[PDB]
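Chemist: Sharing start08.txt here; it has compact mmCIF, C-alpha atoms.
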# COMPACT_ATOMS: atom_id res chain seq x y z
CA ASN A 24 -140.68 -26.16 44.14
CA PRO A 25 -144.23 -27.39 44.64
CA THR A 26 -145.75 -29.57 47.31
CA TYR A 27 -147.71 -32.41 45.67
CA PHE A 28 -150.83 -32.82 47.86
CA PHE A 29 -152.59 -36.14 47.15
CA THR A 30 -155.89 -36.45 49.02
CA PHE A 31 -158.22 -39.37 49.63
CA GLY A 32 -161.64 -39.32 51.28
CA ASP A 33 -165.41 -38.93 50.96
CA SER A 34 -167.97 -36.19 50.26
CA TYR A 35 -166.38 -33.93 52.89
CA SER A 36 -163.37 -33.87 50.55
CA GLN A 37 -164.70 -34.45 47.00
CA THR A 38 -164.12 -31.88 44.27
CA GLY A 39 -164.70 -34.01 41.17
CA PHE A 40 -161.05 -34.04 40.12
CA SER A 41 -160.47 -36.29 37.09
CA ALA A 42 -157.10 -37.92 36.51
CA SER A 43 -157.82 -37.52 32.76
CA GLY A 44 -158.70 -33.81 33.10
CA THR A 45 -156.49 -30.70 33.25
CA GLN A 46 -153.61 -31.52 35.57
CA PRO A 47 -152.36 -29.34 38.42
CA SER A 48 -149.90 -26.56 37.56
CA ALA A 49 -148.60 -23.37 39.08
CA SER A 50 -151.18 -21.40 37.14
CA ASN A 51 -153.96 -23.91 38.01
CA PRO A 52 -153.18 -25.66 41.30
CA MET A 53 -156.39 -27.68 41.53
CA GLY A 54 -156.11 -28.99 37.95
CA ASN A 55 -159.85 -29.58 37.46
CA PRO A 56 -162.59 -28.61 38.00
CA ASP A 57 -162.29 -24.86 38.78
CA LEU A 58 -161.65 -23.97 42.42
CA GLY A 59 -165.04 -23.91 44.12
CA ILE A 60 -166.79 -26.48 41.89
CA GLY A 61 -167.64 -30.11 42.70
CA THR A 62 -167.95 -29.87 46.49
CA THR A 63 -170.61 -30.27 49.17
CA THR A 64 -170.11 -26.67 50.49
CA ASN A 65 -171.39 -24.25 47.81
CA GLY A 66 -167.79 -23.14 47.21
CA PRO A 67 -164.26 -24.24 47.96
CA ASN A 68 -163.80 -26.99 50.50
CA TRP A 69 -160.97 -27.47 53.02
CA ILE A 70 -158.66 -28.83 50.29
CA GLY A 71 -159.36 -25.89 47.98
CA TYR A 72 -158.69 -23.50 50.85
CA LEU A 73 -155.51 -25.31 51.94
CA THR A 74 -154.22 -25.31 48.37
CA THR A 75 -155.03 -21.78 47.25
CA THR A 76 -155.73 -19.58 50.31
CA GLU A 77 -153.78 -20.98 53.30
CA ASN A 78 -150.73 -22.13 51.31
CA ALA A 79 -147.32 -20.65 52.20
CA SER A 80 -145.77 -21.86 48.90
CA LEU A 81 -146.95 -23.61 45.74
CA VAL A 82 -149.30 -26.55 46.49
CA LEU A 83 -150.61 -28.78 43.68
CA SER A 84 -153.82 -30.67 44.54
CA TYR A 85 -154.60 -34.19 43.17
CA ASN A 86 -157.87 -34.86 44.92
CA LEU A 87 -158.98 -38.48 44.62
CA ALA A 88 -161.81 -38.25 47.20
CA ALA A 89 -165.25 -39.45 46.16
CA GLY A 90 -168.72 -39.10 47.61
CA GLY A 91 -170.03 -42.26 49.31
CA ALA A 92 -166.60 -43.64 50.12
CA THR A 93 -165.96 -46.05 52.95
CA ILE A 94 -162.51 -47.52 53.65
CA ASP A 95 -163.02 -50.85 51.85
CA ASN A 96 -166.26 -52.34 50.48
CA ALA A 97 -165.14 -55.71 51.90
CA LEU A 98 -165.74 -54.24 55.39
CA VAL A 99 -168.48 -51.57 55.33
CA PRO A 100 -169.78 -51.20 51.76
CA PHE A 101 -171.21 -48.10 50.12
CA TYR A 102 -170.28 -46.81 46.62
CA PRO A 103 -167.73 -48.46 44.31
CA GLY A 104 -165.24 -45.62 44.78
CA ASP A 105 -164.11 -46.64 48.24
CA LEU A 106 -160.79 -45.57 49.75
CA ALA A 107 -159.18 -48.79 48.47
CA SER A 108 -160.21 -47.82 44.92
CA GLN A 109 -158.77 -44.33 45.42
CA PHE A 110 -155.40 -45.81 46.40
CA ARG A 111 -155.65 -48.03 43.29
CA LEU A 112 -156.25 -44.94 41.12
CA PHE A 113 -153.14 -43.38 42.74
CA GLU A 114 -151.16 -46.59 42.04
CA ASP A 115 -152.35 -46.51 38.39
CA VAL A 116 -151.58 -42.85 37.60
CA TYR A 117 -149.22 -41.13 40.09
CA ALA A 118 -147.38 -43.70 42.24
CA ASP A 119 -144.59 -44.12 39.64
CA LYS A 120 -143.79 -40.36 39.75
CA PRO A 121 -144.66 -39.50 36.11
CA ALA A 122 -143.26 -36.38 34.52
CA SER A 123 -146.65 -34.72 35.06
CA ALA A 124 -146.42 -35.23 38.87
CA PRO A 125 -142.70 -35.81 39.55
CA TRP A 126 -142.99 -36.08 43.34
CA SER A 127 -140.45 -37.23 45.95
CA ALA A 128 -140.40 -38.03 49.70
CA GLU A 129 -139.47 -34.42 50.53
CA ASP A 130 -142.29 -32.76 48.60
CA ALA A 131 -145.35 -35.05 48.65
CA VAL A 132 -148.07 -34.89 51.29
CA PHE A 133 -150.73 -37.62 51.46
CA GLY A 134 -153.95 -36.50 53.17
CA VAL A 135 -156.71 -38.92 54.22
CA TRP A 136 -160.12 -38.03 55.65
CA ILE A 137 -162.22 -41.19 55.89
CA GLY A 138 -164.59 -42.90 58.34
CA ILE A 139 -167.72 -40.74 58.23
CA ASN A 140 -169.51 -43.36 56.13
CA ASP A 141 -168.01 -46.44 57.77
CA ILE A 142 -169.30 -45.22 61.12
CA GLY A 143 -172.55 -43.92 59.62
CA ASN A 144 -173.37 -47.38 58.25
CA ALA A 145 -171.97 -49.62 60.97
CA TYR A 146 -172.49 -47.83 64.33
CA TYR A 147 -175.56 -49.89 65.32
CA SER A 148 -174.72 -53.27 63.75
CA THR A 149 -171.11 -53.72 64.89
CA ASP A 150 -169.19 -53.62 68.12
CA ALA A 151 -166.90 -50.56 68.07
CA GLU A 152 -164.16 -52.06 70.25
CA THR A 153 -163.56 -55.06 67.99
CA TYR A 154 -164.76 -53.81 64.60
CA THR A 155 -163.05 -50.43 64.43
CA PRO A 156 -159.54 -52.00 64.68
CA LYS A 157 -160.38 -53.91 61.48
CA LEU A 158 -161.29 -50.65 59.69
CA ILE A 159 -158.14 -48.94 61.02
CA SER A 160 -155.92 -51.91 60.06
CA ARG A 161 -157.23 -51.73 56.50
CA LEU A 162 -156.54 -47.99 56.40
CA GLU A 163 -153.00 -48.65 57.64
CA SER A 164 -152.40 -51.24 54.89
CA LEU A 165 -153.47 -48.71 52.24
CA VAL A 166 -151.08 -46.15 53.75
CA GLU A 167 -148.34 -48.77 53.53
CA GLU A 168 -148.76 -48.93 49.74
CA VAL A 169 -147.96 -45.24 49.45
CA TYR A 170 -145.07 -45.70 51.90
CA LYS A 171 -143.68 -48.43 49.64
CA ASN A 172 -143.87 -46.00 46.68
CA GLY A 173 -141.71 -43.57 48.67
CA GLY A 174 -144.28 -41.39 50.48
CA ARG A 175 -143.11 -40.06 53.83
CA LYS A 176 -145.41 -37.15 54.81
CA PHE A 177 -148.96 -37.90 55.89
CA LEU A 178 -151.98 -35.94 57.10
CA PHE A 179 -154.88 -37.73 58.81
CA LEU A 180 -158.12 -36.01 59.80
CA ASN A 181 -160.22 -37.69 62.48
CA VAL A 182 -163.97 -38.03 62.03
CA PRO A 183 -165.98 -34.87 62.86
CA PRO A 184 -169.23 -34.92 64.92
CA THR A 185 -171.61 -36.01 62.16
CA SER A 186 -173.65 -37.39 65.08
CA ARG A 187 -174.89 -33.77 65.44
CA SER A 188 -175.66 -33.19 61.78
CA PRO A 189 -179.39 -32.59 61.13
CA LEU A 190 -179.60 -36.02 59.47
CA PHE A 191 -178.63 -37.71 62.75
CA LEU A 192 -180.37 -35.28 65.14
CA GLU A 193 -183.67 -36.16 63.47
CA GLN A 194 -183.18 -39.86 64.36
CA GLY A 195 -183.39 -39.12 68.09
CA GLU A 196 -181.02 -38.34 70.93
CA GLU A 197 -180.31 -42.00 71.71
CA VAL A 198 -179.20 -42.57 68.10
CA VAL A 199 -177.02 -39.45 68.22
CA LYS A 200 -175.52 -40.96 71.39
CA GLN A 201 -175.00 -44.46 69.96
CA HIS A 202 -173.33 -43.02 66.87
CA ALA A 203 -171.20 -40.58 68.89
CA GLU A 204 -169.93 -43.30 71.24
CA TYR A 205 -168.95 -45.54 68.33
CA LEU A 206 -167.25 -42.63 66.57
CA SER A 207 -165.21 -41.81 69.69
CA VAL A 208 -163.77 -45.35 69.70
CA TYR A 209 -162.93 -45.12 65.98
CA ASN A 210 -161.11 -41.80 66.49
CA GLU A 211 -159.12 -43.22 69.46
CA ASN A 212 -158.02 -46.18 67.36
CA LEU A 213 -157.10 -43.89 64.47
CA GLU A 214 -154.87 -41.89 66.80
CA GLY A 215 -153.20 -45.06 68.06
CA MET A 216 -152.53 -46.19 64.49
CA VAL A 217 -151.00 -42.87 63.44
CA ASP A 218 -148.80 -42.82 66.54
CA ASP A 219 -147.67 -46.47 66.07
CA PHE A 220 -146.98 -45.97 62.36
CA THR A 221 -144.96 -42.81 63.00
CA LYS A 222 -142.87 -44.49 65.70
CA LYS A 223 -142.35 -47.76 63.82
CA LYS A 224 -141.27 -46.16 60.52
CA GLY A 225 -139.06 -43.52 62.15
CA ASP A 226 -138.64 -41.61 58.86
CA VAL A 227 -142.11 -40.08 58.39
CA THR A 228 -143.65 -36.72 59.18
CA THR A 229 -147.27 -37.06 60.29
CA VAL A 230 -150.10 -34.83 61.46
CA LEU A 231 -153.31 -36.06 63.06
CA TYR A 232 -155.81 -33.20 62.78
CA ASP A 233 -158.55 -33.26 65.42
CA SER A 234 -161.45 -32.02 63.30
CA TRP A 235 -163.78 -33.51 65.92
CA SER A 236 -162.82 -31.07 68.65
CA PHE A 237 -162.76 -28.09 66.25
CA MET A 238 -166.22 -28.70 64.84
CA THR A 239 -167.51 -29.53 68.33
CA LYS A 240 -166.32 -26.09 69.56
CA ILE A 241 -168.33 -24.40 66.83
CA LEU A 242 -171.45 -26.55 67.36
CA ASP A 243 -171.27 -25.77 71.09
CA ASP A 244 -171.04 -21.96 70.62
CA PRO A 245 -172.18 -21.21 67.06
CA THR A 246 -172.72 -17.46 67.50
CA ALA A 247 -169.04 -16.98 68.47
CA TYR A 248 -168.25 -18.07 64.88
CA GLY A 249 -170.95 -16.05 63.11
CA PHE A 250 -173.54 -18.79 62.86
CA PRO A 251 -177.03 -18.21 64.31
CA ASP A 252 -177.38 -21.75 65.71
CA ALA A 253 -175.92 -25.24 65.37
CA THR A 254 -178.79 -26.82 63.41
CA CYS A 255 -179.97 -24.62 60.54
CA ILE A 256 -179.34 -25.61 56.91
CA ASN A 257 -178.63 -23.19 54.07
CA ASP A 258 -177.28 -24.19 50.68
CA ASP A 259 -175.54 -20.81 50.39
CA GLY A 260 -172.84 -22.47 52.53
CA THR A 261 -172.31 -19.43 54.73
CA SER A 262 -175.53 -18.57 56.62
CA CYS A 263 -175.55 -21.86 58.56
CA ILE A 264 -172.95 -24.44 59.61
CA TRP A 265 -174.80 -26.92 57.36
CA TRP A 266 -174.97 -26.75 53.54
CA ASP A 267 -177.36 -29.74 53.57
CA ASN A 268 -178.53 -32.14 56.30
CA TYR A 269 -175.19 -34.03 56.42
CA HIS A 270 -172.47 -31.68 55.15
CA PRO A 271 -170.97 -28.37 56.41
CA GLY A 272 -170.66 -25.34 54.17
CA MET A 273 -167.76 -23.33 52.77
CA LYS A 274 -167.67 -20.97 55.78
CA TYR A 275 -167.11 -23.96 58.09
CA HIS A 276 -164.50 -25.44 55.69
CA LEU A 277 -162.65 -22.13 55.58
CA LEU A 278 -162.60 -21.91 59.40
CA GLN A 279 -161.27 -25.50 59.53
CA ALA A 280 -158.56 -24.80 56.93
CA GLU A 281 -157.47 -21.69 58.89
CA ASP A 282 -157.36 -23.82 62.08
CA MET A 283 -155.30 -26.50 60.27
CA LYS A 284 -152.70 -24.09 58.70
CA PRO A 285 -150.35 -23.81 61.79
CA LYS A 286 -150.62 -27.56 62.40
CA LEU A 287 -149.54 -28.23 58.80
CA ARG A 288 -146.39 -26.10 58.78
CA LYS A 289 -144.27 -29.22 59.38
CA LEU A 290 -145.67 -30.82 56.15
CA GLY A 291 -144.08 -28.21 53.87
CA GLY A 292 -146.87 -26.30 52.13
CA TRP A 293 -148.26 -24.14 54.97
Can you turn what I pasted into C-alpha cells?
Modeler:
Amino acid sequence: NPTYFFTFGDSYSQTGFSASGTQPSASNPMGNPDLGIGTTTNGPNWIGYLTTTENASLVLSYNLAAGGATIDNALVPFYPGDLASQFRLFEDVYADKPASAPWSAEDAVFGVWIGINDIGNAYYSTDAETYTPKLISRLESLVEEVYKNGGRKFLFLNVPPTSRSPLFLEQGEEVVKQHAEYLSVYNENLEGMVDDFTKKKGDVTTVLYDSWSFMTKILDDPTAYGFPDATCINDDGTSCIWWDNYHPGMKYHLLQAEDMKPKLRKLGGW
C-alpha cells in the first residue's frame, strides 16, 4: 500500500527524474536516477530523505521538479520547464492513473515548492502587494487541475530565506532587505491561498510547511546545528549550510526533512 508522492518545484527539489526512465517501485522508490544523484546538495535532497529515510511506510517518488522553474513563464519567465509545464507532464503521464502509478485520493500526495525564482527575478521590478496575488492565483489554478483529476492531499512549502544566500548577500544589505520584504508578502499570500482552498473544498488534507522559519532558525544560530557560520560554501554539502552560492546542502535538506516528518503524518507516508 504505497503513497504516491508527486512533487513539483525548482532546483531546491530537482533530482533529474525522467518519466521515460525506471519507474518507482518498492525496491526502487525514487525510480531514477539513483537516490542521491541529480540534486543541488551533493547527496539526497529533502524529497529523497522524505521518501527513503523519514518514511513510515512505502513512499514512491515521481519528482517532476526542474532547475530554473518559475510558476508560469507568462508571469515571471525563466527556463521552459516552469511549474505549468510540470503540471502538463503530470497530465500527460500520470493524471489518468495508469497501471504503472495506479493512485487514488486516499494514497496520493502532491507536493509543491515554488517561488524562489519568481521572487528572485521580480522582487525589484514588481509591486509585491499586487503582483504576488497573480503568481499565487496561477499556482492555485494548477492545483485545481490535479484536484479535478481526483487529488485530495497536498503539501506546500513556503519560500525559504534565499535573501540570505551568498548570492544575495553579495548584492548588498539593501537588496537583501528588498528581496526579503517581497518574499514575506509572497509567503503570506501563499498561506492565505492554502487556507482558502482547504476551507472551500472541504474534502482535502493540506500541509503548509514553513521552511522559511526553519531555515531562518539555522541561519540565526548555525553552530547549534553543526555549521561553523551562516555564510560559508562547501560543495561537500555538509561542512557549510550552502552547497553553492544559492543552494543548501544535503545536511540542511536532511535537517529540514526531519523537521517536516511530524508535520506530514496526516498525509499518510510519514
Chemist: Have a look at atom CA of residue A:158 and atom CA of residue A:97 and let me know their distance in Å, one decimal.
Modeler: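 Straight-line distance from atom CA of residue A:158 to atom CA of residue A:97 works out to 10.1 Å.
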Chemist: Given the choices A:89, A:70, A:253, A:169, which gets closest to residue A:109 if the distance is worked out from only C-alpha atoms?
Modeler: A:89
Chemist: Calculate how many Å separate atom CA of residue A:117 from atom CA of residue A:233, rounding to one decimal.
Modeler: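 Answer for the atom CA of residue A:117 to atom CA of residue A:233 separation: 28.1 Å.
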Chemist: Using all atoms listed in the file, tabulate the residues of stretch 83-134 of chain A lying at most 7 Å from any atom of stretch 47-69 of chain A, each with its closest atom pair and that distance in Å to one decimal, by chain and increasing residue number, as a Markdown table.
Modeler:
| residue | atom | partner | partner_atom | distance |
| --- | --- | --- | --- | --- |
| A:83 | CA | A:52 | CA | 4.7 |
| A:84 | CA | A:53 | CA | 5.0 |
| A:85 | CA | A:53 | CA | 6.9 |
Chemist: So how many Å separate atom CA of residue A:138 and atom CA of residue A:177, to one decimal?
Modeler: 16.6 Å
Chemist: Write out as a PyMOL selection string the residues lying within 12 Å of residue A:164, counting all atoms listed in the file and excluding same-chain residues fewer than 6 positions away.
Modeler: chain A and resi 94-95+106-107+110+157-158+170-171+216+220
Chemist: Looking at A:194, A:289, A:283, A:189, which one is nearest to residue A:268, with distances taken over all atoms listed in the file?
Modeler: A:189
Chemist: Pick out the residues sitting within 6 Å of residue A:256, and hand them over as JSON, numbers by chain; count all atoms listed in the file, and ignore anything fewer than 2 positions along from it in its own chain.
Modeler: {"A": [263, 265, 266, 267]}
Chemist: List the neighbours of residue A:168 out to 12 Å using all atoms listed in the file; skip same-chain residues closer than 2 positions along the sequence, and give me the result as a PDB file with C-alpha atoms, in the frame of the given file.
Modeler:
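Everything below was put into selection25.pdb:
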ATOM      1  CA  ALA A 107    -159.180 -48.790  48.470  1.00  0.00           C
ATOM      2  CA  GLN A 109    -158.770 -44.330  45.420  1.00  0.00           C
ATOM      3  CA  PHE A 110    -155.400 -45.810  46.400  1.00  0.00           C
ATOM      4  CA  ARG A 111    -155.650 -48.030  43.290  1.00  0.00           C
ATOM      5  CA  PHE A 113    -153.140 -43.380  42.740  1.00  0.00           C
ATOM      6  CA  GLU A 114    -151.160 -46.590  42.040  1.00  0.00           C
ATOM      7  CA  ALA A 118    -147.380 -43.700  42.240  1.00  0.00           C
ATOM      8  CA  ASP A 119    -144.590 -44.120  39.640  1.00  0.00           C
ATOM      9  CA  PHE A 133    -150.730 -37.620  51.460  1.00  0.00           C
ATOM     10  CA  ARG A 161    -157.230 -51.730  56.500  1.00  0.00           C
ATOM     11  CA  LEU A 162    -156.540 -47.990  56.400  1.00  0.00           C
ATOM     12  CA  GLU A 163    -153.000 -48.650  57.640  1.00  0.00           C
ATOM     13  CA  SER A 164    -152.400 -51.240  54.890  1.00  0.00           C
ATOM     14  CA  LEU A 165    -153.470 -48.710  52.240  1.00  0.00           C
ATOM     15  CA  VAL A 166    -151.080 -46.150  53.750  1.00  0.00           C
ATOM     16  CA  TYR A 170    -145.070 -45.700  51.900  1.00  0.00           C
ATOM     17  CA  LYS A 171    -143.680 -48.430  49.640  1.00  0.00           C
ATOM     18  CA  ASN A 172    -143.870 -46.000  46.680  1.00  0.00           C
ATOM     19  CA  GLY A 173    -141.710 -43.570  48.670  1.00  0.00           C
ATOM     20  CA  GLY A 174    -144.280 -41.390  50.480  1.00  0.00           C
ATOM     21  CA  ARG A 175    -143.110 -40.060  53.830  1.00  0.00           C
TER      22      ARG A 175
END
